[PDB]
């Protein structure tokens, strides 16, 4: 038996926390805190102060616009029957310009709408970025977040904007829809000769799987050393405690090496960021440099060979 530090068994309250004071040029902090005995069961129960400047608000708006352009379109495609729209919602979507257009700007109903939802979405995204950049300087902190976010954007941008443009065809972009964006994912791999054989696809998986291995590792570790107050990662990095010690040694003894309370967060930051970076690079080269990944892998002696237990005569070869 032993507390596992999963669920706070006894919580405590104090006047809500309005946060650190911001410097020169930061509007008040709207919203007034509230608590919730249940959020508290698993985390800080204070639900509080949000900051909203020009940027952030200018982001929700544009952001809702794009989401709006997407929906009406979905409503339009099912004939404007909100019963039918609700029934088939999963299969609905707003596709990108057809190939006939290359990069020409087509009429709204012929893709111009996609470009408008794309334009505004990116705009709202590139704005939340800035948002997260302001909020971190006003606090003297560093831009590790905005630089990680900037990493995810690069992949996003590569999917719907950079690759299409380099390829000179908006039709290569991703459609806005739940199941539709799933179908695009599968067809994309089919179109380019199996993405399993794309080396950067392999790297991005390793990094996606590893981000799960890592967080499970760091999270389980820090919890297992919580008894020694290992969660206070802030002072253990400045004033190493037996928590950072019991931790580093659990690993040294397990796998032959270890990190530090601080450095483990660098292994983590980097392992996440490289998931979206190797991804976009992966998509960047697709069709642009390589057209059939499986074949490329064959050219590089990477594809396994199996006893031919099944084969088919090629009719094209009369």
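Residue numbers count along the first chain shown, from 1.
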- [ ] Give the stretch, out of 278-286 and 40-48, with the larger mean C-alpha temperature factor in the deposited entry.
- [x] 40-48
Open item on the list: Using only C-alpha atoms and the B-factors in the entry, which stretch averages higher, 145-153 or 192-200?
Closed with: 145-153
Task: Member of 267, 293, 35, 251 with the greatest C-alpha B factor (per the PDB record) - done: 35
Open item on the list: Among the choices 136, 167, 214, 159, identify the one whose CA B-factor in the record is greatest.
Closed with: 136
TODO: Grab the CA temperature factor for residue 219 from the record and place it in the lowest, middle or highest third of its chain.
DONE: lowest
- [ ] Taking the chain's C-alpha temperature factors as the reference, tell me which third residue 19 falls into: lowest, middle or highest.
- [x] highest
Open item on the list: Among the modelled residues of this chain, does the Cα B factor of residue 309 put it in the lowest, middle or highest third?
Closed with: middle
- [ ] Taking the chain's C-alpha temperature factors as the reference, tell me which third residue 96 falls into: lowest, middle or highest.
- [x] lowest
Task: Ranked C-alpha temperature factor of residue 82 among modelled chain residues, by third - done: highest
